[PDB]
Amino acid sequence: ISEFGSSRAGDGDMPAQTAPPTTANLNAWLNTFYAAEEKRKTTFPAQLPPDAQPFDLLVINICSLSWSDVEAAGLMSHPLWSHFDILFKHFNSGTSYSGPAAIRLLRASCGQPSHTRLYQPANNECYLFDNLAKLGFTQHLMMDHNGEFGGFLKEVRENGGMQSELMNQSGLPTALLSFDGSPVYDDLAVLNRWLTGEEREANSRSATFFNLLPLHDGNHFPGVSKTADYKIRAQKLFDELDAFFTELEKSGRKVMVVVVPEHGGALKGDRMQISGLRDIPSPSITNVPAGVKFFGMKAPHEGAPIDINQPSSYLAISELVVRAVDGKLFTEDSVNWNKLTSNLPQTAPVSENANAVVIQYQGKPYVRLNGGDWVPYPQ
Ligand SMILES: [Zn+2]
């Protein structure tokens with residue numbers, strides 16, 4: 001409402017940045033962001049209606065993949081991007097480390113917390129997979145790795161609340177040996193194992209968290225001395241995901257697939273951080289390609305993906321899940337794709353690790369180290 005407009009008797013997603021960019025103002029902005037975020041939640045229904053339609057949710061959480069990496073690797077034209085129904089162009093991962101990224105995603109149903117708030121119990125309604133479990137979705141955890149490095153699996157269980165056994169990995173082919181020497185299993189093989197298990201279950205409702213490590217630095221083909229080229233690994237991954245999307249189409253199963261990277265791999269370095277270093281969660285590291293694709297709809301989306309250009313993060317994924325949770329979009333004769341993709345929650349691109357916060361303020365990036373004075377991020 002403008003200065004001379006009025007509100008009605010009885011009457012923002014991102015706090016305003018009109019004040020000059022001093023340390024005090026940027027600190028105040030961040031505190032205002034934290035206050036606004038803490039009040040945000042995607043509300044799930046109390047129970048599903050009796051005419052709800054079962055479907056499977058599959059969340060594909062990929063280490064070390066940002067838009068900057070896709071650009072540096074020359075993979076912007078890979079067919080996979082064209083295959084989504086919904087594609088985010090300014091999705092912020094909120095961090096540049098794997099454990100906090102996975103916890104943030106598992107806590108997608110409430111607004112964005114500070115890094116310290118991630119390692120403390122949260123409200124039960126923040127846990128996307130718990131919200132689904134309550135509604136009758138069977139919970140599954142799978143990975144293409146053993147999760148031992150960095151205590152990743154322990155973080156996912158303890159802070160992400162994902163108290164589910166790791167899906168069986170016996171017999172899977174190894175695609176890479178990881179930077180810690182342990183296997184990275186082939187992703188198509190993991191996904192096909194999942195598809196056979198789900199198809200064993202009928203009109204079950206299930207929600208699966210799948211974490212993928214092939215793009216992590218230091219991974220190599222078995223027996224090969226050099227780290228496998230990132231472009232080669234990313235092409236392999238994207239070819240396998242696209243092959244799987246084809247398998248899912250053939251299955252006729254109702255499936256909502258969400259692809260959400262954890263953070264980038266810092267393929268292209270910058271002034272502050274040489275290639276591969278990502279201790280500061282810069283915009284280049286945290287702007288990640290997130291996408292959603294629905295399978296088995298009566299009325300599937302046609303043509304190119306719907307771009308979501310507004311600043312977004314995990315809360316927008318949770319909102320899409322609530323919009324789908326009764327399964328009815330899968331059986332509608334005609335879907336209002338505009339309405340389904342409109343009025344999604346917007347979230348300012350704030351990112352943190354324990355030691356650093358990065359924000360955009362009046363369109364420029366700043367970093368705060370250990371609660372000190374803000375300085376421009378040198379880009
Ligand atoms: Zn990672």
# chains A, B, ... in the order shown; residues from 1 in each chain; ligands from 1
$ residues_around --residues "residue 193 of chain A" --least-positions-apart "2" --cutoff "12 Å" --atoms "only C-alpha atoms" --output "MDAnalysis selection string"
chainID A and resid 142:144 167:173 185:191 195:200 244 247
$ residues_near_ligand --ligand "ligand 1" --cutoff "6 Å" --atoms "only C-alpha atoms and all ligand atoms" --output "MDAnalysis selection string"
chainID A and resid 63:64 97:98 262
$ residues_around --residues "residue 230 of chain A" --least-positions-apart "6" --cutoff "10 Å" --atoms "only C-alpha atoms" --output "PyMOL selection string"
chain A and resi 64+69-70+72-73+214-219+236+265+267
$ closest_residue --among "A:110, A:177, A:260, A:14" --to "residue 88 of chain A" --atoms "only C-alpha atoms"
A:260
$ closest_residue --among "A:150, A:269, A:45, A:296" --to "residue 325 of chain A" --atoms "only C-alpha atoms"
A:45
$ residues_around --residues "residue 201 of chain A" --least-positions-apart "5" --cutoff "12 Å" --atoms "only C-alpha atoms" --output "PyMOL selection string"
chain A and resi 54-56+137-138+194-196+206+253
$ residues_around --residues "residue 282 of chain A" --least-positions-apart "4" --cutoff "10 Å" --atoms "only C-alpha atoms" --output "list in words"
residues 94, 95, 96, 263, 264, 266, 270, 272, 273, 278, 286, 287, 350, 351, 352, 357, 358, 359, 360, 365, 366, 367, 377, 378 and 379 of chain A
$ select_by_dssp --residues "segment 108-350 of chain A" --states "strand (DSSP E)" --output "VMD selection string"
chain A and resid 138 to 143 174 to 177 183 to 185 206 to 212 255 to 261 287 to 295 306 to 308
